[PDB]
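Structure file run_5.pdb with PDB, N, CA, C and O atoms:
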ATOM      1  N   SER A 402      87.474  24.993 119.789  1.00  0.00           N
ATOM      2  CA  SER A 402      87.124  25.695 118.535  1.00  0.00           C
ATOM      3  C   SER A 402      86.075  26.793 118.752  1.00  0.00           C
ATOM      4  O   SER A 402      86.438  27.954 119.024  1.00  0.00           O
ATOM      5  N   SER A 403      84.792  26.399 118.639  1.00  0.00           N
ATOM      6  CA  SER A 403      83.635  27.308 118.695  1.00  0.00           C
ATOM      7  C   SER A 403      83.646  28.414 117.599  1.00  0.00           C
ATOM      8  O   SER A 403      83.038  29.471 117.770  1.00  0.00           O
ATOM      9  N   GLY A 404      84.321  28.202 116.473  1.00  0.00           N
ATOM     10  CA  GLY A 404      84.423  29.305 115.532  1.00  0.00           C
ATOM     11  C   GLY A 404      83.833  28.926 114.211  1.00  0.00           C
ATOM     12  O   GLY A 404      83.241  27.889 114.110  1.00  0.00           O
ATOM     13  N   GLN A 405      83.990  29.741 113.188  1.00  0.00           N
ATOM     14  CA  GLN A 405      83.573  29.324 111.853  1.00  0.00           C
ATOM     15  C   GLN A 405      84.447  28.197 111.253  1.00  0.00           C
ATOM     16  O   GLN A 405      85.497  27.901 111.792  1.00  0.00           O
ATOM     17  N   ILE A 406      84.030  27.612 110.124  1.00  0.00           N
ATOM     18  CA  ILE A 406      84.721  26.481 109.470  1.00  0.00           C
ATOM     19  C   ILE A 406      84.595  26.565 107.933  1.00  0.00           C
ATOM     20  O   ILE A 406      85.358  25.965 107.166  1.00  0.00           O
ATOM     21  N   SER A 407      83.605  27.322 107.501  1.00  0.00           N
ATOM     22  CA  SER A 407      83.374  27.556 106.090  1.00  0.00           C
ATOM     23  C   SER A 407      82.923  28.996 105.920  1.00  0.00           C
ATOM     24  O   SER A 407      82.459  29.624 106.877  1.00  0.00           O
ATOM     25  N   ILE A 408      83.046  29.499 104.699  1.00  0.00           N
ATOM     26  CA  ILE A 408      82.592  30.820 104.357  1.00  0.00           C
ATOM     27  C   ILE A 408      81.345  30.782 103.482  1.00  0.00           C
ATOM     28  O   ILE A 408      81.343  30.146 102.409  1.00  0.00           O
ATOM     29  N   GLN A 409      80.288  31.484 103.921  1.00  0.00           N
ATOM     30  CA  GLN A 409      79.046  31.658 103.110  1.00  0.00           C
ATOM     31  C   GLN A 409      79.247  32.770 102.091  1.00  0.00           C
ATOM     32  O   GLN A 409      79.549  33.891 102.469  1.00  0.00           O
ATOM     33  N   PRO A 410      79.111  32.492 100.808  1.00  0.00           N
ATOM     34  CA  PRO A 410      79.457  33.564  99.857  1.00  0.00           C
ATOM     35  C   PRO A 410      78.349  34.609  99.676  1.00  0.00           C
ATOM     36  O   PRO A 410      77.165  34.255  99.510  1.00  0.00           O
ATOM     37  N   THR A 411      78.713  35.891  99.696  1.00  0.00           N
ATOM     38  CA  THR A 411      77.704  36.935  99.598  1.00  0.00           C
ATOM     39  C   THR A 411      77.823  37.606  98.278  1.00  0.00           C
ATOM     40  O   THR A 411      76.887  38.170  97.841  1.00  0.00           O
ATOM     41  N   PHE A 412      78.938  37.494  97.590  1.00  0.00           N
ATOM     42  CA  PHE A 412      79.039  38.174  96.300  1.00  0.00           C
ATOM     43  C   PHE A 412      79.499  37.279  95.158  1.00  0.00           C
ATOM     44  O   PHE A 412      80.029  36.192  95.364  1.00  0.00           O
ATOM     45  N   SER A 413      79.338  37.778  93.948  1.00  0.00           N
ATOM     46  CA  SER A 413      79.676  36.997  92.801  1.00  0.00           C
ATOM     47  C   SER A 413      81.078  37.430  92.350  1.00  0.00           C
ATOM     48  O   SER A 413      81.231  38.404  91.602  1.00  0.00           O
ATOM     49  N   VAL A 414      82.103  36.723  92.811  1.00  0.00           N
ATOM     50  CA  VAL A 414      83.467  37.004  92.359  1.00  0.00           C
ATOM     51  C   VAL A 414      84.333  35.746  92.301  1.00  0.00           C
ATOM     52  O   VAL A 414      84.027  34.738  92.925  1.00  0.00           O
ATOM     53  N   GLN A 415      85.429  35.817  91.558  1.00  0.00           N
ATOM     54  CA  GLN A 415      86.393  34.727  91.525  1.00  0.00           C
ATOM     55  C   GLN A 415      87.112  34.552  92.864  1.00  0.00           C
ATOM     56  O   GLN A 415      88.097  35.235  93.183  1.00  0.00           O
ATOM     57  N   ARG A 416      86.588  33.607  93.642  1.00  0.00           N
ATOM     58  CA  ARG A 416      87.074  33.378  94.992  1.00  0.00           C
ATOM     59  C   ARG A 416      87.101  31.927  95.433  1.00  0.00           C
ATOM     60  O   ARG A 416      86.077  31.239  95.458  1.00  0.00           O
ATOM     61  N   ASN A 417      88.305  31.478  95.788  1.00  0.00           N
ATOM     62  CA  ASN A 417      88.460  30.173  96.409  1.00  0.00           C
ATOM     63  C   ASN A 417      87.579  30.137  97.654  1.00  0.00           C
ATOM     64  O   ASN A 417      87.726  30.953  98.531  1.00  0.00           O
ATOM     65  N   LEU A 418      86.615  29.242  97.721  1.00  0.00           N
ATOM     66  CA  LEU A 418      85.793  29.293  98.895  1.00  0.00           C
ATOM     67  C   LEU A 418      86.339  28.485 100.066  1.00  0.00           C
ATOM     68  O   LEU A 418      86.392  27.277  99.987  1.00  0.00           O
ATOM     69  N   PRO A 419      86.753  29.143 101.166  1.00  0.00           N
ATOM     70  CA  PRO A 419      87.325  28.467 102.358  1.00  0.00           C
ATOM     71  C   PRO A 419      86.435  27.585 103.207  1.00  0.00           C
ATOM     72  O   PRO A 419      85.305  27.941 103.530  1.00  0.00           O
ATOM     73  N   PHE A 420      86.987  26.415 103.529  1.00  0.00           N
ATOM     74  CA  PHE A 420      86.408  25.448 104.464  1.00  0.00           C
ATOM     75  C   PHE A 420      87.562  24.681 105.066  1.00  0.00           C
ATOM     76  O   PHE A 420      88.552  24.379 104.376  1.00  0.00           O
TER      77      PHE A 420
END
Rewritten as structure tokens:
Amino acid sequence: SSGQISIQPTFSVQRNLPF
């Protein structure tokens, strides 16, 4: 792996947050 696994949100929008 060694990669990302979740997304840190930077903006305020309607977005399914990935993990």
The PyMOL selection byres ((chain A and resi 420) around 4.5) applied to the shown file, residues as a list in words: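 So the PyMOL selection byres ((chain A and resi 420) around 4.5), applied here, picks out residues 406, 407, 418 and 419 of chain A.
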Between atom O of residue 405 of chain A and atom O of residue 417 of chain A, what is the distance, to one decimal in Å?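 Spanning atom O of residue 405 of chain A to atom O of residue 417 of chain A is a straight-line distance of 13.8 Å.
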Edge lengths and centre in Å to one decimal, as AutoDock Vina command-line options, is what I'm after for the box along x, y and z that holds all listed atoms of segment 411-420 of chain A once 8 Å is added on each side.
--center_x 82.7 --center_y 31.4 --center_z 98.3 --size_x 27.7 --size_y 30.0 --size_z 29.5
